[PDB]
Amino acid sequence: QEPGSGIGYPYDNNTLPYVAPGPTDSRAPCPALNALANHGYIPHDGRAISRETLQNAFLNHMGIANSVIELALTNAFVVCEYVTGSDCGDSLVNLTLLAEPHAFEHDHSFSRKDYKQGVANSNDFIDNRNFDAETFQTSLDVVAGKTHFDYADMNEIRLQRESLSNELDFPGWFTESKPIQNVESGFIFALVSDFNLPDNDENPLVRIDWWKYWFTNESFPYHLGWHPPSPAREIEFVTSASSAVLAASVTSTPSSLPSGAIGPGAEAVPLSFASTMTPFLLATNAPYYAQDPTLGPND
């Protein structure tokens, strides 16, 4: 928000306004990075981003401690080297390259289509990067009529998304990514679980309106009473939440789940790519921004 607005106070004492991305700006397949870039906490153009810039942006403006993004930074730069063909040092070339498929970006996302989702031909690919309202609605509908959801509900959401993706993706494309997705499940609990409930740290419940605002608008749900978690969330909270989602009892089993969908997941680890492997082409679509309504500087 505008720095004088005081909207972030006393949690964020140095806010910057929302500015929609323009057609030449680089955006990510990540709703967090996109929100940060829309506020200029990382470059508004989404280019040439250092680790420290990301660390400070997350810590000071989202209540996410450095520990939470350690592996994410490692993988961002692994993917940068893979996509660009050379070491990216400590300047991430852009956000868009993070949508390189079957890498850090993965199938069965909560709010993005898959790279080969619903394509008639094997060489076809689509926008697996920008927010997709229809896709996100398939996640939201699992918790329809609710204001909050818990670990078991999140497990049901990711199963629905796995089922849909496995059915809709071009044959042979779908690849399960439980470890990375469920770190992201933990990220959702970390950012938009309801800290106004007495047992939030032990038993976090996601506020659906907060989640929907963050994902749809790629800005922060301050108007809904959200604020950055304080103290900043740490990695322990995230991986615990991740394990709790995958441990939760499934009471509704979708059909067409991949092998081993139900049950614990492997620890997320550093990515690696063969030098022989050429990257998949990146979707080239202009960056998504909310248009129904468009957002003001304080939104």
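Residue numbers here begin at 1 and follow the sequence given.
The stretch with the higher mean CA B factor, choosing between 155-163 and 197-205, is 197-205. Annotation for 60-68 versus 263-271: the higher mean temperature factor (C-alpha) is found in 263-271. For the set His227, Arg129, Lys146, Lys212, the PDB entry assigns the largest Cα B-factor to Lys146.
Across the options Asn217, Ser86, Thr74, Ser111, the residue with the most elevated CA B-factor in the record is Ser86. When the CA B factors of the chain's modelled residues are split into thirds, the value for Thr239 lands in the middle one.
Annotation for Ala190: CA B-factor lies in the lowest third of the chain's modelled residues. The deposited CA B-factor of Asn121 belongs to the highest third of values across its chain. Sorting the modelled residues of the chain by their CA temperature factor places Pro221 in the lowest third. Ranked against the other modelled residues of its chain, the C-alpha B-factor of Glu100 as given in the entry falls in the middle third.
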